[PDB]
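This document starts with one chain, in the form deposited in one PDB entry, laid out as C-alpha cells.
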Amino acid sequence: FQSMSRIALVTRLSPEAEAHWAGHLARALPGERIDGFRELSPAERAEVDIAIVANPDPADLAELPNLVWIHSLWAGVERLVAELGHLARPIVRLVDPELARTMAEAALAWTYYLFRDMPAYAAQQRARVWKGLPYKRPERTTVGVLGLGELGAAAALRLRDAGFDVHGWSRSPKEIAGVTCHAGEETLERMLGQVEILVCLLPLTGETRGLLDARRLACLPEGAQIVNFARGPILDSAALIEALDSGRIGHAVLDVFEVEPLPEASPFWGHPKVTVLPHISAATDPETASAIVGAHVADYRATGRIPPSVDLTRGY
C-alpha cells in the first residue's frame, strides 16, 4: 500500500464561488482527487502534494506537510509572495492566452474611451452642450505601456495595430515588432515626457510601489491621460488628484485600488475626471484557466515537470 497523491483546493472565496471553481477543476482534472481544504482530515492532508489556491489562508498551506508546489488561479501574485514565500515551495501563477487576449482588448477599449474624448462628450451631454472637439490621428498620438509581460506585450500589439505610436517600458530589454521598447529605471522619465495616454500593466513589487508619484506624473505632457489596470499602489492617489485638479492630467481610468471594493468615501467615485471600474479589465476565465491548471497537473503526474514559478527575489 502506497497512498496516492491528492490535491487541496485552498481559498477564501465565497462557498458559491469556490463550488463554481470546484466544478470547473473537477471537469478539467477528472482523474484527480480534489477537495476543499476544510473537507480533509489530518491524514488526508498528509497526502496532498499540490495546492490549487485562490487567496488561501497561509496557515492552511502550512498544514500540508508534504506539499510540493502551488498553483494560483490569478496572474497577480504579490500577496502569495509575501505570505507563502517562507514555505519555499514553487508558486505557479496563471499564464493564459485568453487572459492576455482579454487584457489586450481592455487596453485598446479604454485607450479608445480616452482617445475618442468619451468622458468630455458625456459631460457635455449632461450639460445639454453640443460641441465637437478636435481630432488627432493615432499615428500622431504616443501611447506608453508600462510592463511588457504576458499582458503588457499583448496590449502593445493591439495598440500598435490600431495605429498608435506605441512605446513600451520594462525592466529588461525587449524586441516587439512595430513598438519602440525602453528598459530600466534610467529611461522611464524620458519615455513619460512623450506619452499622451499611459497604460499601466506592471506587477506590484517593492520596486514598482509608488512608481507613478508626483515627480513621475509631472514628467507627462499637459493633458496626458492614464489607464491603471495593474495595482492601486503603483500610482500615488494624492499626487494623481493634484495633477487632475491642476489640469496637468486630463483623465484617469482606474480599475484597481489600494482597498477593493473601493470605499464609498473615496474621492475617486465622484471626481469628474475619474472613471472607476471594479477590477474587471481582465477577469480570469474559469474554463480556460482550469484547462491550463489541468495540463500542468497532468504534465507533473507524467514527467515530474513543475511549471515556471515565481522568482521570490524578483517578486513577480
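A residue's number is simply how far along the shown sequence it sits, counting from 1.
Stretch comparison (164 to 172 versus 78 to 86) by mean CA B-factor in the PDB entry places 78 to 86 on top.
The mean Cα B-factor in the deposited entry runs higher for 11 to 19 than for the other of 299 to 307 and 11 to 19. Based on the entry's C-alpha B-factors, the most elevated value among 281, 266, 275, 41 belongs to 41. The PDB entry gives the largest Cα B-factor of the residues 261, 270, 250, 31 to 31. Sort the chain's modelled residues by C-alpha temperature factor and residue 185 lands in the highest third, per the entry. Ranked against the other modelled residues of its chain, the C-alpha B-factor of residue 237 as given in the entry falls in the middle third. Per-chain ranking of the deposited C-alpha B factor places residue 228 in the lowest third.
In the deposited entry, the Cα temperature factor of residue 72 places it in the middle third of its chain's modelled residues. The PDB entry assigns residue 289 a C-alpha temperature factor belonging to the middle third of its chain's modelled residues.
Keep in mind that the form deposited in another entry is not shown, yet the notes after this line are about it.
For the rigid-body turn between this form and the one not shown, the listed residue at the hinge is 283, chosen from 283, 129, 149, 22. Inter-residue distance, residue 52 to residue 260 (Cα): reduced by at least 3 Å in that other deposited form versus the depicted form. Relative to this form, the distance between the C-alpha atoms of residue 50 and residue 203 is increased by at least 3 angstroms in that other deposited form.
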